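> can you look at this? It's an experimental structure, sequence on top.
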Amino acid sequence: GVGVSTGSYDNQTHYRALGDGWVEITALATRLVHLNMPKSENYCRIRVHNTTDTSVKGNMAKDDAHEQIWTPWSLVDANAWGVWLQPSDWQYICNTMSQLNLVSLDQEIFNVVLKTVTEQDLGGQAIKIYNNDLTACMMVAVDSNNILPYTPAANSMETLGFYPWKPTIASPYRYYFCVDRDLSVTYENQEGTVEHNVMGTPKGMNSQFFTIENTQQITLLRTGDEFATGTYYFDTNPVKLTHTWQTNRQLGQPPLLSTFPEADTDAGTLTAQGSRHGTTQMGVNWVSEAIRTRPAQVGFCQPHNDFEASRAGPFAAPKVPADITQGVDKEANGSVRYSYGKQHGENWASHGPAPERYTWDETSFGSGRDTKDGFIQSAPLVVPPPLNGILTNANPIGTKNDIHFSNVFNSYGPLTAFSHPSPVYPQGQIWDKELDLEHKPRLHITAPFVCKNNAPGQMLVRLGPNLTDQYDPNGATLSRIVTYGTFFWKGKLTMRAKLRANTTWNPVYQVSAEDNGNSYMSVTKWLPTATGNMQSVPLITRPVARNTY
Amino acid sequence: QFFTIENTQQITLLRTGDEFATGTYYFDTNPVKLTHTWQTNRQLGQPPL
């Protein structure tokens, strides 16, 4: 019926300790999604081509030229960590647990309301009247078989809101069309012209135009109807909530000290290098900590800002996130730069249109690479090497003195063992879909939980078309009574975690909330102001260090 | 490694009336896909609105 409710608001997180040190976290999230009517009722193939950027010589990284199919459907996409958990829950989980794993996901749509707007004068200046449409419906389809392309709204920072008391909106669904884009590489104010800035026609071999009407089972929902998509059971791998510190010079047995320090200030000299036991791979007749044989390489070097190009334009190749070293440079190890809005964590007192940005420096301290202090010697090791026997991060590669050997050096090999990148709080992404290729990547840097079997079916909502009395199908007018709707979305994400074990003598690192000041973890960020302007800055995921080897 | 086929195999002689039949070898391979891909690294994920 139209006057009875068909669900319950629930937002609590329930921890349940089951078994020998395993907690069952039951995160719940309920929001009021505000579905507006689509811009047009047609599937349109729109093309973006920023010639004002790419026409300037040197702007190949500023390219975002593409084509997209813009669907009239909106996406209820909930894979971000801030949707389900409050910051106290994330702090308790990251301090108290040792690993996290996803179990299951229930989703629900209830309390549907559709309203149409009208005009009245009342003063000579017309105002809107929001009547009620008890017979108009909204269309819901869950793509549980993943026919349609997988577009996460965590890519565009367009998921559900992170504050439960504020109503949120649904992101519009659109996917990529496969047309060819070619851009000619050129540097800043180079003499000459840009040879290639073209974009191609649709190709007959690879063109996929999907409609959501021909591919899905669409449920109509009036004001008394509810929708519930049942328990999708995850088949992911656990992520670890502890971080590592051991580099390649901190693996194995330390060398035994020949002399010991008398006071608390001086050091202890080891056995001299020429008469020291151990194994190396160089041909010198001495063993040292730098050239000692290790079990495996912990972090690999990766090429800095390599812009590859294959039938779509120049794109930067993704780097595995690692720690920024004492050599503070963040671009080499691939620290992800997040840019989010007021719905997702920006302080609401920011009147400017610029977003809130944050560089996520990784806490995997053994996998980080120091680029200024990396060097390559000649094939027989003769230290100290001459000038022509060493390649450092000062020598020009090719002829370019702005580019050194670290920009092109890839040292990913068979004995390379790196760590999985940490989940990012609120403006993260929980899960992903595995790429449909025969040889998969070892990891996704967008999400820690890549679904092995099938991703959860993405939810697509739209409003049913409300027509006026005048409707010509062969006339492109579409009068279309101005309707909108609000509905309630409730989801349940089940997770399984393990409790932390305390082996170290010293007090280990913890994420504590500090007092009001210039510190990063002051409480006044996580408290509303006098006008209620909340703010969510990210939290450290991996406070507690763990032993690699 | 000098291999001879006489010292290593079981050799069947076949005259004009004889037949040979080697039985069902059952494969244990992985499937190949008869569909091709088009998505580059600039066509993955959600397009910008």
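Here it is on my side, so go on. Numbers count the residues shown, from 1 in each chain, chains lettered A, B, ... in the order given.

> for the most centrally placed residue in chain A, give me its contacts.
Centroid-nearest residue in chain A: residue A:446, 3.8 Å away (criterion: Cα atoms, centre = their mean). By Cβ atoms under 8 Å, 6 or more residues apart in numbering or on different chains, the residues touching residue A:446 are A:152, A:154, A:155, A:429, A:432, B:45. Quick note: C-beta positions are derived from backbone N, CA and C, even for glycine.

> surely residue A:97 is in contact with residue A:23?
Yes: between residue A:97 and residue A:23 there is a contact at 6.7 Å, judged by Cβ atoms under 8 Å.

> check which helix or strand residue A:75 maps to.
Assigned by DSSP states H and E, residue A:75 belongs to strand A:66-76.

> no no, residue A:88
For residue A:88, the host element (DSSP H and E) is helix A:87-96.

> and if you look at residue A:41?
Going by DSSP H and E, residue A:41 is not in any helix or strand.

> what about it, how many residues nearby?
Neighbourhood size, residue A:41 [other Cβ atoms under 10 Å in any protein chain shown]: 11.

> and the spatially closest residue to it that is not a sequence neighbour, what does it touch?
In this structure, residue A:41 finds its nearest non-sequential neighbour in residue A:72, 5.7 Å apart by Cβ to Cβ, 6 or more residues apart in numbering or on different chains. When contacts are counted by Cβ under 8 Å, 6+ apart, residue A:72 touches A:38, A:39, A:40, A:41, A:42, A:43, A:462.

> what do you get for residue A:96?
Residue A:96 makes contact with A:499, A:500, according to Cβ under 8 Å, 6+ apart.

> circling back to that earlier point, which of residue A:97 and residue A:23 has more neighbours?
residue A:97 (23 against 19).

> host element of the closest residue to the more buried one other than its chain neighbours?
Taking Cβ to Cβ, 6+ apart, and ignoring the residues beside it in sequence, residue A:97 has residue A:497 as its nearest neighbour in space, at 3.9 Å. Using DSSP H and E, residue A:497 sits in strand A:483-499.

> now that strand: buried residues?
Neighbour-count burial for strand A:483-499 flags A:483-485, A:487-498 (criterion: 16 or more other Cβ atoms under 10 Å in any protein chain shown).

> paired strands for that strand, with orientation please.
If you go by DSSP bridges, strand A:483-499 pairs up with strand A:22-36 (antiparallel), strand A:97-120 (antiparallel).

> distance between it and the chain's centre?
Its chain's C-alpha centre and that of strand A:483-499 lie 19 Å apart, by Cα atoms, centre = their mean, to the nearest Å.

> beyond that strand, next helix or strand please.
Following strand A:483-499 in sequence, per DSSP H and E, is strand A:545-546.

> partner strands of that next one, with direction?
Paired neighbours of strand A:545-546 in the sheet (DSSP bridges): strand A:243-244 (parallel).

> contacts for the strand it pairs with, please.
A:363-367, A:419, A:422, A:542-548.

> flag every buried residue along the helix holding residue A:88.
So for helix A:87-96, counting by 16+ other Cβ under 10 Å, buried means A:87, A:89, A:90, A:91, A:92, A:93, A:94, A:95, A:96.

> before we move on, what about stretch A:168-182?
Result for stretch A:168-182 [16+ other Cβ under 10 Å]: buried residues A:168-181.

> same check, this time on stretch A:59-72
By 16+ other Cβ under 10 Å, the buried positions in stretch A:59-72 come out as A:59, A:60, A:63, A:65, A:66, A:67, A:68, A:69, A:70, A:71, A:72.
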